[PDB]
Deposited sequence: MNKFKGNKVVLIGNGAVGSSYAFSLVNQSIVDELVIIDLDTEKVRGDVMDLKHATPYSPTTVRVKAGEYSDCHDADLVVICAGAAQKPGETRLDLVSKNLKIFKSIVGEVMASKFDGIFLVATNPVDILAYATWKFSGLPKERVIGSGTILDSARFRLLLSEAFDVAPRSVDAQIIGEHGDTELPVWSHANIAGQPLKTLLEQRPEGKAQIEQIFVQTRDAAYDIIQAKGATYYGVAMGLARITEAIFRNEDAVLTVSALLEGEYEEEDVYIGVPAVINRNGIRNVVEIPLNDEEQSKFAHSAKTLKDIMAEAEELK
C-alpha cells in the first residue's frame, strides 16, 4: 500500500524543469531528487516544496541519497552536463557516469523502471538496460517523445488546428538521423504531406517543417543556451502513461528484438506504455523512404555503440 515514488537523478535545467512539471501535474505523490550539486538540490527542493500546496493533489519533494531508491517505482536520469560545442568523447564521459549511477541505484535494491533523458539517449537507454540487468520492458529512453511533439506542433501551425488533433510521429535516433513518418501524418484523415504538396512551393514547406523539427534543439540552444521545457513535458507524459497504466502508444526509445527487422538496439519507435513500462513495440507500415531512413538510423546507432 505504498504510494507512487519517482527518484530524479540529475537536477540541472532538464531535471529541475521535469520536477516542476511533476509538481504542476500531480502524477505521483513522492519525488526524491539526487545530484552531485547538493546546494542546487537544497535550493530547488525548498522552492519546489513551496509550490506543492497548490498542486492538484499532494506531492512531497525531498533531497535524497541512493538508498532512497530501494522502493522507488521510477528512476529518471537527467544527469550529465550537456555536450560542449566530439560525439565519442561525450559518449565515453556519459557512459562512465551511467555505469556509476545505475550501479548505485541497483545496489539500493531498486526494482522499478528506468526512464533516461541524458544524451545520446538511445545509446544511454541501451547502456542502462545492459548495466541494470533489468528486462527490456523496464528501461525506457525518452527517445523521440519530444521530436514527435515538435513535429505535431509545427504541423498544428501549418494547418491551424489543436496539436492534440494532429497525429504525427518522428522515429529513429533522437538526433541527426531521425525521420518523419509522412506516410501516416494526418489530421482526422487529412493526408498532410499530400496537402502541403499542393501549396505553392509546398515541397519547400514539407522540407522546412522537418528541418525545423530536426534542428529544433540547435535553434533553441542558439537562442537561450539550453532546452528543457519540451523534454520535461515529454518525460512527464511518459511518467503519466506508466502511473496511470494507460496502454498509451507513445514514441519512445525502446529495445528492438526483431521489430522493423532490427535487433540489439534502442531506438525511437511507437510503443505501448503502461504501469509495467514498455508493454510492446508497435510495428507500423513504413514506405520505402521511411524504411531506408529507419534502417540507416539503426545502423548509425549500432555503429556508435561498436566504437
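Deposited residues without C-alpha coordinates, grouped into stretches that follow sequence order = No C-alpha coordinates exist for 1-3, 89-90, 313-317.
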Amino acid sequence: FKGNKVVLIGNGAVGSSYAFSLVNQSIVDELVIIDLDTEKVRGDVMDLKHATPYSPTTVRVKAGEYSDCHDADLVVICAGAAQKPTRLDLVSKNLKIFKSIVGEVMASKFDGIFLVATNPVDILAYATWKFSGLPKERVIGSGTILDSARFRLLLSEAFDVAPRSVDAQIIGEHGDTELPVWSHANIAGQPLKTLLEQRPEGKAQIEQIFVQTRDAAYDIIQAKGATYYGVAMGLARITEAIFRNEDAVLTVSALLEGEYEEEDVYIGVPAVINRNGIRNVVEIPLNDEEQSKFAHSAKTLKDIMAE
From here on, numbers count along this sequence of modelled residues.
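key: Greater mean Cα temperature factor according to the PDB record, 70-78 or 96-104   = Per the PDB entry, the higher value belongs to 96-104.
key: Between 21-29 and 282-290 (mean CA B-factor, as deposited), the higher   = For C-alpha atoms only, the mean B-factor is higher in 282-290.
task = Among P53, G277, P270, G258, single out the one with the highest C-alpha B factor in the record, please.
result = Out of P53, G277, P270, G258, the record gives the largest C-alpha B-factor to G258.
query = From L90, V116, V181, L192, which pick has the Cα B-factor that tops the rest in the entry?
reply = Checking the PDB record, the top C-alpha B-factor among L90, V116, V181, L192 is at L90.
ask   = Lowest, middle or highest third of the chain for the C-alpha temperature factor of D44?
value = It falls in the middle third of the chain.
key: Third of the chain, ranked by Cα B-factor, where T128 sits   = For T128, the deposited C-alpha B-factor lands in the middle third.
ask   = For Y229, does the deposited CA B-factor place it in the lowest, middle or highest third of the chain?
value = For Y229, whose C-alpha B-factor we compare with every modelled residue in the chain, the answer is the lowest third.
query = Would the CA B-factor of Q212 place it in the lowest, middle or highest third of its chain?
reply = Within its chain, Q212 is a middle-third residue by C-alpha B-factor, going by the deposited values.
query = Taking the entry's C-alpha B-factors for this chain, is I145 in the lowest, middle or highest third?
reply = CA B-factor rank for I145: lowest third.
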